[PDB]
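A short worksheet on the structure shown next.
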Amino acid sequence: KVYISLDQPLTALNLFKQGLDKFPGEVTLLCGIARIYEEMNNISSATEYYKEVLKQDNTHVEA
Amino acid sequence: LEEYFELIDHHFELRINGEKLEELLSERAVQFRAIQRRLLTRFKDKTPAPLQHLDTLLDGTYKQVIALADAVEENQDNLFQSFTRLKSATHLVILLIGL
Amino acid sequence: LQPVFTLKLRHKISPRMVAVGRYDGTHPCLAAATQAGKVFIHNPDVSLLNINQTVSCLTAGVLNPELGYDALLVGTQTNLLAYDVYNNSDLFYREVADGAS
Amino acid sequence: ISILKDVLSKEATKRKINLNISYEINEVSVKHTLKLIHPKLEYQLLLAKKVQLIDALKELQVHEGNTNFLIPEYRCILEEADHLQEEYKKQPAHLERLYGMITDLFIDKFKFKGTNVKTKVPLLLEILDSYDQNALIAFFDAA
C-alpha cells in the first residue's frame, strides 16, 4: 500500500512476489497483484492472478 | 431609447469590470497556491533551509488576494444596484412602448 | 581539439552532482542534479525526477552485476536513494541519519 | 575643504610658517552634496532588495516555468538576475564607502559650524539604515 502511494507499482509487485515466496498461497497477496495488474490496465495478468486466487479460494467475490 | 441605453452600458461596464477582477483573482490564487506548495515541501524536509524570501512573498500575495476579494465584493454590490435601477428603467420603457 | 558535440540544457546544474551511465542497459544517459531538489536525465529529451530534497552526492554505477543497468544513487543530506530508471522502481531507500556528503 | 585645511595646516606646521586660514561656507552646498549622494544609495538599496528575492523567484520558476503564475514585476527580476547578482557582489563596498563619506560630511559640516558632533555620529547610522531623504536632510540641518 505504501509503495503504491509512492507510485511504484513494480516495487509493489516484487514485494508481493516475495511475500508469496514466504506464504506460498496467500489469497490476499495474489489479489493485490491482480489489482495492480488491472490498474496498470494489463488484464492478461490480472486475470491470471485472479484465476490463481480461484484455484485457491473458489468463493472469492472479487476474483 | 437614449437615456435607457445609458443604464444598459453602465450595467455592462460593471459586468466587464467584475470579469476582469475575477481573472485577476484567479491569477493571484494560482500564485498563492504555488508559493504555499513550495513552503509545504520545505516543511516536509527534515534539514534546515532558509525560506524568509518565500514567506515574505506569500504575505504579499495574500494581501493582494484580500484586496481583490474586497474589490470583487464591491463590484458585485455595485452591479446589483445597477441591475435594480435597470429593472425600473426597462419597466418604464415597456410601459411607454405599450402606450 | 574541438568539442565533438555541444548541447545546451534548460536547467542549472549543481556543482559536483553529475553522473553518466547506461540506464536502459543499451542507452547511456546523463543524470544531473538541479536547484529546487530535482534531478534531470538527458536520454540521448530531458526527463525530470522529484527528489524534493537538496541533493549532496549523485552517482551512477552497477549495484548488482546480475543485470547490467546502472542504478542512480541520489544521496540527500539525510537519505540515500538507489533508483532504477528503466522501471519506476528503486533498488532500496535507506536513511543514514548522519549525511551523504 | 576640510581635507585641504587639515593637510595644508599640517604641512605649514611641518615647516613652521604660522599661516592664517579663513573659510566661507554656503548653506545650500551640503544639501547639494546630499542630492548628489542620494541616487547612489537609492540604487544600492534597491539592488539589495531585489537580490533578496531573486533566489525564491528562481526556486518557483524551476517548478512552474514562470510564464503563467508570476506577475511580471518579478519576471523582470528573473530576466535581470545575473546582473543583480554580479552587482550585489560589489554592493557592500559601495554601501560602506557611502556611509563613511556621509559620516565625514556630517562631521566636517558641523566642524565648520564650530561644534563637535562625535557623540551623535552613531546616532545618524540608524537613520541611514532607514534612509528617508527628507528625514536625512532634517537630521543634517537640525541636530
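Every chain in the C-alpha cells has a letter given in the order shown (A, B, ...), and although residue numbers restart at 1 in each chain, ligands are simply numbered from 1 in the order shown.
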
Give one line per residue of chain D that approaches chain C to at most 8 Å, naming the two atoms of the closest pair and their distance in Å to one decimal, counting only C-alpha atoms; sort by chain then ascending residue number and deliver it as a Markdown table.
| residue | atom | partner | partner_atom | distance |
| --- | --- | --- | --- | --- |
| D:59 | CA | C:36 | CA | 5.7 |
| D:62 | CA | C:36 | CA | 6.8 |
| D:63 | CA | C:36 | CA | 7.8 |

Provide as a ChimeraX atom specification the residues of chain C at most 12 Å from chain B, counting only C-alpha atoms. /C:36-37,50-55,76-79,95,97-99

Which residues of chain D are close to chain B, meaning at most 8 Å apart when you count only C-alpha atoms, and how do they look as a list in words?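 The complete set of qualifying residues is residues 52, 53, 55, 56, 60, 64, 69 and 70 of chain D.
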
Can you write just those residues out, N, CA, C and O atoms, as a tab-separated table (two decimals), in the first residue's frame?
chain	number	residue	atom	x	y	z
D	52	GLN	N	17.40	40.14	-2.59
D	52	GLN	CA	16.69	39.42	-1.53
D	52	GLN	C	15.68	38.42	-2.09
D	52	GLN	O	15.41	37.40	-1.45
D	53	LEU	N	15.12	38.69	-3.27
D	53	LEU	CA	14.02	37.90	-3.81
D	53	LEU	C	14.39	37.03	-4.99
D	53	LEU	O	13.65	36.08	-5.29
D	55	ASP	N	16.32	34.69	-5.40
D	55	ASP	CA	16.51	33.28	-5.08
D	55	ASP	C	15.18	32.54	-5.07
D	55	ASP	O	15.00	31.53	-5.77
D	56	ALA	N	14.23	33.01	-4.25
D	56	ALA	CA	12.91	32.40	-4.22
D	56	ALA	C	12.26	32.43	-5.59
D	56	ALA	O	11.53	31.50	-5.97
D	60	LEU	N	10.84	29.19	-7.66
D	60	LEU	CA	9.49	28.99	-8.18
D	60	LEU	C	9.49	28.74	-9.68
D	60	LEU	O	8.73	27.89	-10.16
D	64	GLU	N	7.27	25.98	-11.92
D	64	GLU	CA	6.14	26.38	-12.75
D	64	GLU	C	6.53	26.72	-14.18
D	64	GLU	O	5.75	26.48	-15.10
D	69	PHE	N	1.99	32.20	-13.79
D	69	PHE	CA	1.55	32.39	-12.42
D	69	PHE	C	2.14	33.64	-11.78
D	69	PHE	O	1.52	34.25	-10.91
D	70	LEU	N	3.35	34.03	-12.19
D	70	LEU	CA	4.03	35.15	-11.57
D	70	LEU	C	3.70	36.46	-12.28
D	70	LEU	O	3.70	36.52	-13.52

Using only C-alpha atoms and a distance of at most 8 Å, pull out the residues of chain A that contact chain C, as a ChimeraX atom specification. /A:8-11

Find the residues near residue C:82: any atom within 10 Å, counting only C-alpha atoms, skip ones fewer than 2 places away on the same chain, and give them as a ChimeraX atom specification. /C:58-60,63,70-75,80,84-85,89-94

Within 10 Å of residue D:30, counting only C-alpha atoms, which residues qualify if same-chain residues fewer than 6 places away don't, as a PDB file with C-alpha atoms, in the first residue's frame?
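Result file follows (selection_35.pdb):
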ATOM      1  CA  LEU D  36      24.294  64.029  -5.321  1.00  0.00           C
ATOM      2  CA  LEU D 105      30.453  65.139   5.548  1.00  0.00           C
ATOM      3  CA  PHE D 106      28.307  65.498   8.675  1.00  0.00           C
ATOM      4  CA  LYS D 109      29.858  70.487   8.205  1.00  0.00           C
ATOM      5  CA  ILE D 137      18.339  66.381   5.419  1.00  0.00           C
ATOM      6  CA  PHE D 140      21.675  67.307   8.877  1.00  0.00           C
ATOM      7  CA  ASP D 141      20.186  70.761   9.419  1.00  0.00           C
TER       8      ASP D 141
END
